[PDB]
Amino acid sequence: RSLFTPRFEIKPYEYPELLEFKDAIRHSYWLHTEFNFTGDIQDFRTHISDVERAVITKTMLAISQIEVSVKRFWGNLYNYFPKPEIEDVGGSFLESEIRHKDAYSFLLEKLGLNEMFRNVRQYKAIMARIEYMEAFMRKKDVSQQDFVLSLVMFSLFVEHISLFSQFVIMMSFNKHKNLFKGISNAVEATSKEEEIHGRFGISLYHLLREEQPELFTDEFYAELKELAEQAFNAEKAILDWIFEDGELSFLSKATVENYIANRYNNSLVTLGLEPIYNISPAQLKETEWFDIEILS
């Protein structure tokens, strides 16, 4: 049994447990047309302060900078792991990313953000994210080991963390102020699907660690740690930018930073590595409603 070995016949499956990720993404299926964003537009116009409007503007630009794009990694995974069950999951995930793109493209239009988004790659903090996401993928085609590192970084640090500070910010407006219910619904649906995407990569990692332990060298983990540090520093910079004009009365920048730092620790621990950030349990209690909503 090897993930890298092509298999022509559909059945019997070699990795039947992976099909649960296809079942999961079918259950999570959603389209933005299931929500009416009229109340969100009203909220953006007259129910928030200028400080809050600046936060929401930059948070939605940051979400869209990932979601409003062509995302083909999961759809292409079969080229590296040529298994029928890999294509079943990867192609279903790619379609889910089309649905996400349509949702956030619609929201950019409705919030009047198209012009700002056209220039989004101008913001220094966005450039920092682009830098690490490009670094994550740069060598994916060089070797099996380099591909596996790209897969791990994408699954555990992009899919499970990059957008989550923005997801928490947007859903916090609904939790604390009963505002932006439509965007809260779209963000919740998106979060659940990104959780599924990253968990697929975690399963692949555990399989790969058993099948080809020689890929997982000291050098592999040292580079992974360096890349994860670059990613966290960039997502902190995104938070500094989002809150540059003032913080929210109901959710501080530090609390959001603590939330994603805990997710970096969790990803490192999932990989077998040590956690490195000192987490506030009190601030985690402040945001734990989000994890209960997304995962329960």
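Residue indices: 1-based, along the sequence shown.
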{"item": "237 to 245 versus 55 to 63 - greater average Cα B-factor per the deposited record", "value": "237 to 245"}
{"item": "Segment of higher mean CA temperature factor, 222 to 230 or 137 to 145", "value": "137 to 145"}
{"item": "Candidate set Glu95, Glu109, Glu188, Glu159 [ranked by C-alpha B-factor, highest]", "value": "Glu109"}
{"item": "Residue with maximal Cα B-factor (values as given in the PDB entry) among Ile196, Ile202, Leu208, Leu151", "value": "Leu208"}
{"item": "Entry-reported Cα temperature factor of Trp30, expressed as the chain third it lands in", "value": "lowest"}
{"item": "Modelled-residue ranking by C-alpha temperature factor, third containing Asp102", "value": "lowest"}
{"item": "Within-chain third of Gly182 by Cα B-factor, per the entry", "value": "highest"}
{"item": "B-factor third for the C-alpha atom of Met127 within its chain", "value": "highest"}
{"item": "Ranked against its chain, the third holding the CA B-factor of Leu77", "value": "middle"}
